[PDB]
Amino acid sequence: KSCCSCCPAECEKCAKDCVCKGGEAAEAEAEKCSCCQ
Ligand SMILES: [Cd+2]
Ligand SMILES: [Cd+2]
Ligand SMILES: [Cd+2]
Ligand SMILES: [Cd+2]
């Protein structure tokens, strides 16, 4: 069970809280996040 579609279900950054409240892309479908890279 995860809390997003850009990180695994064992991410450390997303352990305390989903820190993926970013992404300024309307026509750039990415398969990863910077905050957690
Ligand atoms: Cd994520
Ligand atoms: Cd993460
Ligand atoms: Cd998350
Ligand atoms: Cd992230």
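By Swiss-Prot numbering, chain A shows 32-68, in order.
Method on record in the header is solution NMR.
For all residues, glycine too, the Cβ spot is worked out from N, Cα and C.
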Given that Swiss-Prot assigns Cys35, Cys37, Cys38 to the divalent metal cation 5 site, pick the one from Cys51, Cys66 that the record assigns to that site as well.
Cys51
If I restrict to non-local contacts, at least six residues apart, and a C-beta distance under 8 angstroms, what lies near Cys67 (divalent metal cation 6 binding site) in its own chain?
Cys37, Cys38, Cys42, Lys44, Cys45, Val50, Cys51
I'd like to verify something. Among the binding-site residues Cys34, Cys35, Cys37, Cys38, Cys51, which ones have a C-beta closer than 6 angstroms to some atom of ligand 1?
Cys35, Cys37, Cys38, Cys51
Any of the binding-site residues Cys38, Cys42, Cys45, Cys66, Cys67 with a C-beta atom under 6 A from ligand 2? Give them in order, or none.
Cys38, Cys42, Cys45, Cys67
Can you tell me how far the Cα of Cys64 (divalent metal cation 7 binding site) sits from the Cα of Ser33 (phosphoserine), in Å?
15
